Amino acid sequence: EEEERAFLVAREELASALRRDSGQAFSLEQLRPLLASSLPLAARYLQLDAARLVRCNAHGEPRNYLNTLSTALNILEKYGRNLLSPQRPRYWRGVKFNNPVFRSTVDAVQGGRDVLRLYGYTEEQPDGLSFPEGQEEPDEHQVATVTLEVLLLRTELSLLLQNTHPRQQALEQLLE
């Protein structure tokens, strides 16, 4: 109720900020209402499958797999920002699996390819994903809300590795 409805406002606030300037950086104080919230995972992440992304890649030491996941999300965050840019990349319509950055970051995480589908890369090819040929422009609101959750989850993982998460003790008990 109180925390819920407030969480959705800051969510749509920062999301609409991404649509205005997709290259804008967000400080810790700007993301604090979303990082310090005690709402369940299913309430904070509506599109990004944060549960499967963490659970299906939590192999080995957290210091390693939290870094593997966060770096993959950094790459996925850049894909979402490029779709909201005033000057979109030339090949924005598709992503190739054999890209060296993609292969070493996103394709090192189970579920990384599924995040692209949330952006709109829903058409599967033997060597990549692409937008439907009938789609002229990406859904700016759908892309922005997914981009924010990717950025939020990456920030959460990054703060945990830095021992600076607002709920660091609570989250660490979910990994040990």
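What we label the rigid core is the largest C-alpha set whose atoms superpose within 1.5 Å from one form to the other. Residue numbers run from 1 along the displayed sequence.
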task = Quick one: core-superposed, which stretch strays further from the shown model in 8 other deposited structures of this protein, 164 to 172 or 11 to 19? Go by RMS C-alpha distance.
result = 164 to 172
inquiry  = Do the Cα atoms of 97 to 105 or of 68 to 76 sit farther, on average, from the shown structure in 8 other deposited structures of this protein when the rigid core is superposed?
reply    = 97 to 105
task = Using the B-factors recorded in the PDB entry, average over the C-alpha atoms of 114 to 122 and of 129 to 137, then report which stretch comes out higher.
result = 129 to 137
task = Tell me which of 29 to 37 and 53 to 61 has the higher mean C-alpha B-factor in the deposited entry.
result = 29 to 37
query = Of the three thirds of its chain by CA temperature factor, lowest, middle or highest, which one includes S158?
reply = lowest
key: Entry-reported Cα temperature factor of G80, expressed as the chain third it lands in   = lowest
query = If you rank the chain by CA B-factor, which third does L152 end up in: lowest, middle or highest?
reply = lowest
note = Binned into thirds over the chain's modelled residues, the C-alpha B-factor of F102 lands in the lowest
